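Let's start with one chain on its own, the form deposited in one PDB entry, as structure tokens.
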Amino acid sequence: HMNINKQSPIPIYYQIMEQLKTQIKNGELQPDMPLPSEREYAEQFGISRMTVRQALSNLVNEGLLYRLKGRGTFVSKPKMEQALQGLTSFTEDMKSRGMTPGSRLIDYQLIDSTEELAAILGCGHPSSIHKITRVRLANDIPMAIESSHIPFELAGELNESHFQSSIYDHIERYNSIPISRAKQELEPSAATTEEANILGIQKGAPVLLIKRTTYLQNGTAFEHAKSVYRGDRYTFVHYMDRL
């Protein structure tokens, strides 16, 4: 049950919205069962129903809750289906979903090649390697953290405008060769404290750890990326044939 502090400067409706949000983040409210009623909340904390109703309606207007007639109010659990077999960019993914892709830069460095990285990319050593770490956003909501390693010569000099747009698009134009094939490795994990803060989920929340090596049509590897995708807003789908 929530913790409501009436002597706090923070308005009670706001407390409710945040506690509820926090409760949805740590799973204490699942999407199969309805929330306590307006009346139950009010009586529980000795507060007005209109205060409860203000918090709940705001959460409905955010799309965090929904009202099913005669059944109650429920936690919304929108999932995107990520097709694993089609090589696409984040930008392409969002557009196809009628959503607006965004990025926030966590870190950029141009780093020295290592024998490990050069063997993965089949690039030169010593060489310079873009290391691009971004939060990827969908309608301003963080969906993933990606850290992409790209040999300098396959991208040339990069600036903030590149980071704010599509790296795959730049890659195809800069190289005049299409992006063709990738290998991905998937591991379930728990969000670190840092990953959780950036993603707006709980410490330890479920995430998919993804390692991708991406290739141009001519067989050249241009990317080795490691990423963390939110478990709570993604389902990953693929198909299998016999033989």
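Just count from 1 along the sequence shown to find any residue number. Under this definition, the rigid core comprises the largest set of C-alpha atoms superposing within 1.5 Å between the forms.
A second form of this protein, the form deposited in another entry, is not displayed here; the remarks below concern that form.
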query: Displaced residue between this form and the one not shown, judged on C-alpha after the rigid core is fitted, out of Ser189, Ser37, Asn197, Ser180 (threshold 2 Å or more); finding: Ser37
query: Exceeds or equals 2 Å, Cα of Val207 between this form and the one not shown, core fit; finding: no
query: Post core alignment: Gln85 C-alpha displaced by 2 Å or more between this form and the one not shown; finding: yes
query: C-alpha of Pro126 off by 2 Å or more between this form and the one not shown on rigid core; finding: no
query: Cα distance between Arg233 and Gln82, which in that other deposited form differs by 3 Å or more from this form, closer or farther; finding: farther
query: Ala118 and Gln85, C-alpha gap in that other deposited form relative to this structure (3 Å or more); finding: farther
